[PDB]
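Just one chain follows, in the form deposited in one PDB entry, and it is written as structure tokens.
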């Protein structure tokens, strides 16, 4: 390799989004440039809408995906991933005045790889509470996958982008959503969003898989080995922790 094209969404702050000048910025952009510098490869970032991100990678329109992509088992059937460059649980989002906030959380940290009757009871409690509520999710995400598989009886509306989900939640058109803590903590930390609150269990594993990784074509074993080595070095020297603090306001590094 001499040069690679990396796709990003361009609308998932603070991982990847556009600055005032329309330039792609975020944790994925800074890390992507840092990993490529280590790999001694020229780096170029392209904007790609969420729906075609995986098929455009397999079709060879670009070489890699760095777009807050969860290493989910369903995505692993189609593409390969680098080792994780970030770890984050998943949680729910509502308004600060919502009665959903008074719901008792019996399991703070909910692993989903194996589901015990106690963990199922907790998911069933939340499903029954969410049955009388309007949920909104971004289409084609692990957020939609979770609602479809784990809470099918809950009424969901799907959106093109996460920004539209947040806007409708703020406008009162939906009552709740879900995303990773890495997305929701900087969102709710903004003085702009004091009327928004994270709530419910912090979930890991199962359909979510473990961590956020670089999406690569399965046949590109050499490119994966290069990214894995670069990621190991960026973690070891404190670069991932530094970039995580900068963009997320906390340490989500593996």
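Numbering follows the first chain given and starts at 1.
Select between 56-64 and 35-43 the stretch whose C-alpha atoms have the higher average B-factor in the entry.
Going by the record's values, the stretch with the higher mean is 35-43.
Using only the Cα atoms and their B-factors as the entry lists them, report which of 189-197 and 66-74 averages higher.
Between 66-74 and 189-197, it is 189-197 that shows the higher mean C-alpha B-factor.
Residue 243 - Cα temperature factor, lowest/middle/highest third of chain
For residue 243, whose C-alpha B-factor we compare with every modelled residue in the chain, the answer is the middle third.
Residue 27 - Cα temperature factor, lowest/middle/highest third of chain
For residue 27, whose C-alpha B-factor we compare with every modelled residue in the chain, the answer is the lowest third.
Compare the C-alpha B factor of residue 216 with those of the other modelled residues in its chain, then answer lowest, middle or highest third.
It belongs to the middle third of the chain when residues are ordered by C-alpha B-factor.
Report the third (lowest, middle or highest) to which the CA temperature factor of residue 208 belongs, ranking only the modelled residues of the same chain.
Bottom third by C-alpha B-factor.
Residue 153: which third of its chain by C-alpha temperature factor?
For residue 153, the deposited C-alpha B-factor lands in the middle third.
Just so you know, the form deposited in another entry exists too; it's not on screen, but the next bit is about it.
Taking the chain as two rigid parts that shift between the shown form and the other one, would residue 175 and residue 90 be sorted into the same part?
Both residues go with the same rigid part.
Tell me whether residue 86 and residue 120 end up closer or farther apart in the other entry, going by their C-alpha atoms; the shift is 3 Å or more.
Closer in the other entry, by 3 Å or more.
How does the C-alpha distance between residue 236 and residue 205 change in the other entry compared with the present structure, closer or farther, given a change of 3 angstroms or more?
Pair moves closer in the other entry.
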